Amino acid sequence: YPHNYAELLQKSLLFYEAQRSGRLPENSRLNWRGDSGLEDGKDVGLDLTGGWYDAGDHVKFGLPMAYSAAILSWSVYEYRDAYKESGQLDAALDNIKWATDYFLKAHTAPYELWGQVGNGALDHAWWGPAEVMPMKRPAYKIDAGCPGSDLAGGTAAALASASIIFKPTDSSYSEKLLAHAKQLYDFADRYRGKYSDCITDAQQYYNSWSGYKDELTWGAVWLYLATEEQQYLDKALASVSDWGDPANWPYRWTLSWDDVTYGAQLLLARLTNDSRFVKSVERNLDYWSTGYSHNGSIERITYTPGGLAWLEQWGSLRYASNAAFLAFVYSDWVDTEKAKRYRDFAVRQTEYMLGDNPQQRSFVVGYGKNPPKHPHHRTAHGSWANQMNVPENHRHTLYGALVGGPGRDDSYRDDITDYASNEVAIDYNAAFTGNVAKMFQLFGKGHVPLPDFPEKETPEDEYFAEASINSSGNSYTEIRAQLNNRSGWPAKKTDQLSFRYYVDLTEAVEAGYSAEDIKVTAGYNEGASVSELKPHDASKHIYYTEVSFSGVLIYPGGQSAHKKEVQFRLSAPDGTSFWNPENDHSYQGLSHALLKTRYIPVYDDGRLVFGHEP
């Protein structure tokens, strides 16, 4: 595949745009995304709309969201020129601002931080697009009486790092970001505890495995980078004495949404040259790359036979990407032999997930050779039926998403249900996006992004009636109809859907009868009103019945949710024999089997959205 790292960077940022919750801007690039989560915060009296969905679900998990914004801002801080020359800087700022705007909303009071919207069990029990979520979406906070030093520190780091990269183009927004970062850090430092002991739902999805000591250091050093005030460097260095004996600092994991030790110590190593941080950074990157020498033995992470540095079963590519990013940053800082080894490690790991692997395929949706087609992602899939296997192929392309990827033997399945292979998440793409920026800097000379991209997707049929003839006679026709909302471009809730069923009364008028003599009556009925005949074209004796499910919510969210049924009969007076359905517009092609028909037009709030009128 002929790699284009400007296009890749453009796509990775487009994944974050696909993750947006809230009210979307008019110039949104993704026509298959619409407004969603508009009631977020209403249970607690607050506007908590916006931010990112975490993954293929619709929970806004504060700890990985803060981490993702912080790492995204970190790469803009390190590689601004790469973002600039690839044409992606405006997009990178716009996409980070979506998350930091949400943190500002969530940070309502100096010592209060909304850290989740959405309940994991309620959210994940339902498989459908964001715009038509039917369930309650409770909001959860930390505060001084139930704190969260990890969540609060990690969010302070996101605001502090973002404040740096926003200062050149929007200094008043930068000042606001920095003022909230200082308050959140004081919150984190003064009111100590793991946020998942207070937003207990988070224990089941984003548990604070490592505790908060790492976020305390991470927040303080980002505040130092963002202010150059010595007090923050001292606080960072003081917080490191709670890491204990430097000889026992962990080195067998990597930078991750839960453990930012690896980011903090790398930033402190550059600021201090203190051998405690240098050695700990090098133990970690040695372990990930050529092996960590005890002089006795060499200790090294598992590698797949295809060359992927393999931490564990879930989000394997995310881990190798996270490590590659630390390796790139270290390798631009210092001039040691290890810088070259780590730089080569980082490139090879990045080349693996871009296609240089045994599956001979890209692991970035919508990029490269044979990319994953079935990422585990509700809105991109576009189910109308609350089923992961309906439809059998995704309705939309989740461009830029890095999937979980292969197992330890390089095995991989492009399957919507295979969470290990095909999970996607904002933390998966965060360091990865920076790695792409660096690939552009190193190898992307002359790479330009895609113009006018993405093209708007052409919708399939979204609103339509399937209909069949119950019975027909020389004085009546009786119809079975199911009015469908299978929308996806974007999915939309509709509680004012209607259809019209048209007839030609020419044979009636010739027999001495008129529209007055035809009675329209409902039989089995899931909530529609059926009108008497109304004229469509009086000169030609064309009439219709308007069948309206006014106030009935219909939406692409399950087998019953997406359709409503009504059976209705049009009857001439008993004993007459003129009635003739064969010249009736909406009778055309109907059979005794329920089938979509283009001749029963469908209206939403009075607006024609499907089908043909006479």
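Throughout, we count residues from 1 along the sequence that is shown.
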Segment of higher mean CA temperature factor, 588-596 or 11-19: 588-596
- line: Averaging the C-alpha temperature factors as deposited, the higher value of 383-391 versus 514-522 falls on 514-522
message: Quiz for you: based on the deposited Cα B-factor, which of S36, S68, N27, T545 is highest?
response: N27
query: Of the options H377, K493, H180, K84, which has the highest CA B factor as deposited?
result: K84
- prompt: Taking the entry's C-alpha B-factors for this chain, is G62 in the lowest, middle or highest third?
  reply: lowest
message: By the recorded C-alpha temperature factor, relative to the other modelled residues in its chain, which third is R300 in?
response: middle
message: Split into thirds by Cα B-factor across the chain's modelled residues, where does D461 land: lowest, middle or highest?
response: highest
- request: Going by the recorded CA B-factors, say which third of the chain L223 sits in, lowest, middle or highest.
  value: middle
- prompt: Which third, lowest, middle or highest, does the CA B-factor of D186 fall in along this chain?
  reply: middle
